[PDB]
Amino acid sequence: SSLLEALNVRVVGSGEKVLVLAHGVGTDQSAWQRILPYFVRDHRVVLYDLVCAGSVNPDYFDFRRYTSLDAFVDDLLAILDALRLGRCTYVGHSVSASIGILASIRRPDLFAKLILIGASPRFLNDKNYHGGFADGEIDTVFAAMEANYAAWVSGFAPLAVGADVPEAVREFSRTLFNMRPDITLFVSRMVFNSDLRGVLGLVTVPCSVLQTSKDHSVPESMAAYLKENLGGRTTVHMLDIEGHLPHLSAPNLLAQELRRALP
């Protein structure tokens, strides 16, 4: 159950151009805090928290509804329809890249462009498809998270940040610790098992695939896979930034690439 205030939707900035900044699992909209300065001067920047963000009242997280990314797409589309700001450029990091992809195929009218950071249509390896994870790989990760959430965060946040950026590890550790562990585990499992490869061809809006350097969850070959399989006009931008969270670890460089990717 996700309302406009429930997901902490905020519109900051000025300008007719609308930018949507959509964070991934483990953080909230504060993940974008350092990127906002680069766009509020000429964008009305739409931010919101995924239902799973620690900044959202966990009672709003319905376990029987959020069994697929589609319910997340419902929230995103409900927000853009609630805001009624019209055509917008959507920036989706990780799961929010998948959410934006699925949202654009339902409502291509809403999105002038998709900017996809840390995007993967499927983490599991498959037939000639390398997602980056074998069958047994993620089990130990979900095990550590359920067994000792704090020890898991202490390891996962520096891995997710990648580069030695203590402020990024701090911010990501914080938002991870703000999430109820059963929600983190449930969403991470749901998101990890999602497979969007079959709908990439249905995308019609153009996409910018911002591929980050050393992503524990996204191989570099994923950028080319998304280019080949996304159905719209797709440009790949291989980020110099290392790590799954370039918006946290190198916001100025990321913002530069983000600005360049805008329509």
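The numbering used is simple: start at 1 and walk along the sequence shown.
Comparing 59-67 with 224-232, the higher mean C-alpha B-factor in the PDB entry belongs to 59-67. For the pair 48-56 and 209-217, the mean Cα B-factor is higher in 209-217. Take 103, 161, 97, 134 and read off each C-alpha B-factor from the entry; 134 has the highest.
Between the residues 169, 119, 73, 82, it is 82 that shows the highest Cα B-factor in the PDB record. Among the modelled residues of its chain, residue 188 has a C-alpha B-factor that falls in the middle third, as given in the PDB entry. In this PDB entry, residue 196 carries a Cα temperature factor that places it within the middle third of its chain's modelled residues.
The PDB entry assigns residue 19 a C-alpha temperature factor belonging to the middle third of its chain's modelled residues. Among the modelled residues of the chain, residue 246 sits in the lowest third by CA temperature factor in this PDB entry. Annotation for residue 253: C-alpha temperature factor in the middle third relative to the rest of the modelled chain, per the entry.
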